[PDB]
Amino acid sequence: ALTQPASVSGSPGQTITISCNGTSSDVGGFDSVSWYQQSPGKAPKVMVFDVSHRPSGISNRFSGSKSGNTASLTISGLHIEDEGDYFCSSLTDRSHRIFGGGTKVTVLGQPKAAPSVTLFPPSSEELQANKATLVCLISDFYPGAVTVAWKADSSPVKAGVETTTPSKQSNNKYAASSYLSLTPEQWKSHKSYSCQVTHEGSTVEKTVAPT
């Protein structure tokens, strides 16, 4: 997977750029980088191809570049209609295609808002039913993009993690939730379990413990 920023945000009129860091077997080994825009509930749409070229009838304020093994997509003079997810894609050494993980572009329309984070431990009722689940709840943030990283004690954790896509609350801010599925024995084994949400630079953290 080519590497994109989870999220990049700009205000209307401003100029913004999404990077696409690959390797010499893809981004750097060919000049066949394309970028796709997927809007909320739609099928992707080609925006750029062969690095810097634009398909017939696509705004000139979308342009592409490449230096070494990373490509870039630049959007000058952001409009609201640009909000969505964007994916880079490249030809590979094995004659395959490969996509970047994607970047949510938001066109800021209100002031930043830090997320409120609450983390619940396994209930007693669940542990007796021989299961365990940490539930990390996230609300009241703008823009609606967060990175959720889990840690058992001090060491990172990627197995059993499931995170939702941020949705708009009634207060026009965003909420997401993140679950870490454990076994009753894993939960009991460790000293603590932190849940770290990173939003627009800053990181709020909450922590829970077995007893």
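The first residue of the sequence shown is number 1, and the count goes up from there.
178 to 186 and 164 to 172 differ in mean CA B-factor, and the higher of the two is recorded for 178 to 186. The deposited model assigns a higher average Cα B-factor to 195 to 203 than to the other stretch when 5 to 13 and 195 to 203 are compared. The maximum CA B-factor among the listed residues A132, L119, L78, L108, taken from the PDB record, is found at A132. Comparing C-alpha B-factors across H53, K66, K45, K158 in the deposited entry, the largest value falls on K158.
Residue-level temperature factors show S59 in the highest third of its chain, judged at the C-alpha atom. Residue-level temperature factors show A114 in the middle third of its chain, judged at the C-alpha atom. In the deposited entry, the Cα temperature factor of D85 places it in the lowest third of its chain's modelled residues.
In this PDB entry, the Cα temperature factor of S154 sits in the top third of its chain's modelled residues, the highest group.
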